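Read the single chain below, which is given as structure tokens and is the form deposited in one PDB entry.
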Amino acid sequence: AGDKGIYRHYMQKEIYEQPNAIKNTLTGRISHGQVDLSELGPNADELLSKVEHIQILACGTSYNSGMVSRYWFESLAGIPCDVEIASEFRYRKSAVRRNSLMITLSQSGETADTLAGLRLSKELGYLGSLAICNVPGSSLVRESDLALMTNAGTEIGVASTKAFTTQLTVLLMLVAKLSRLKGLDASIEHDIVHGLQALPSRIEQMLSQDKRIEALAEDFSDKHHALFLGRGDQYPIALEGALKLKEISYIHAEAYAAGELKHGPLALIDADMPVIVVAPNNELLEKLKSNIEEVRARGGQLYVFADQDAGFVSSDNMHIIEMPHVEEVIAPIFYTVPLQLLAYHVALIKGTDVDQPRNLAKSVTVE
């Protein structure tokens, strides 16, 4: 499988390779401050400029990356985007949108549900298909019209880390390139390229503070439940942080849109169910603190990952886990890191099988 070097597990290694991985993914693609996707060929732009809707299919952690990207495609490139679990798409009769581009996200490029949604799509009237993948020569790559490799290097750990952040990096580059094809304000693209060029050092910063996440992991290591909350583009990061905690600690962690906490889940919260919040602004955190106060009688606690610049202050049931300020455009990618490290340190404390969590496999090559 490969040399782990100084890391104890492939996953830890892959988490620490994120900066170099994202660097590698940017290589050849940034030319004079603009996204250069010329690796796609001379007719690529013709197709891309035709796109009026983007459809994304994937499973697991790859669906979570697609979900983040939808907020980018719509808010920044102004393009309608839908993301769907691959198995759900493949078994339903769908209404295909005018001039829709079909994108599949997959680390392995072999996931059966995703490969099937792609095969099916060819007969449904899509403008064409684009594979974002980390494995060259894999089926999803071979069978798509276009492919943008993430170039993260091989990922051996079953719970994906660098493949996810490099996927979001390729996605943001596509959003950039599409904002330009649509003749949208050039600042949209520059903000993205700048967020991207900073990203590697911003994660390297996040990594240097791993010891603080380790301490936090002690408060979750004996818990059997956890609720992860996020709003907008951080909603999917909360999805991804609960998936990672499920995957390698086996804790029953579920994600929720922050605004729906009150429409149900507050009834479950007690001391055995910590609530994590991913990069909330002030207005949202005020609501959440008011919600957690409703459950103080049961020891409800909020754990808030947030920009030190927001000025939030920890209280007895609200713990601010301060992070460096970072560019809004890349914040979803950056806030993933602490959630990967949290899951990893909980797994270490418990002594679970990080690189091969029970009953899971790197890629599900069967439907």
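Residue positions are given as counts along the sequence shown, with the first one as 1. Rigid core (definition): largest C-alpha set, two forms, superposition within 1.5 Å.
There is another form of this protein, the form deposited in another entry, and it is not shown here; the text below is about that form.
- In the overlay on the core between this form and the one not shown, a shift of 2 Å or more in CA position is seen for a single residue of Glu39, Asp316, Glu46, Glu328, which is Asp316.
- Once you line up the core between this form and the one not shown, the Cα of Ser201 stays within less than 2 Å of where it was.
- The Cα position of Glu283 differs by 2 Å or more between this form and the one not shown after fitting on the rigid core.
- Relative to the superposed rigid core, the position of the CA of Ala267 differs between this form and the one not shown by less than 2 Å.
- Pairwise change in the other form: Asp233 and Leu284 C-alpha atoms lie closer than in the shown form, at least 3 Å.
- Relative to this conformation, an increase of 3 Å or more in the Cα-Cα distance between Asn282 and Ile269 is found in the other form.
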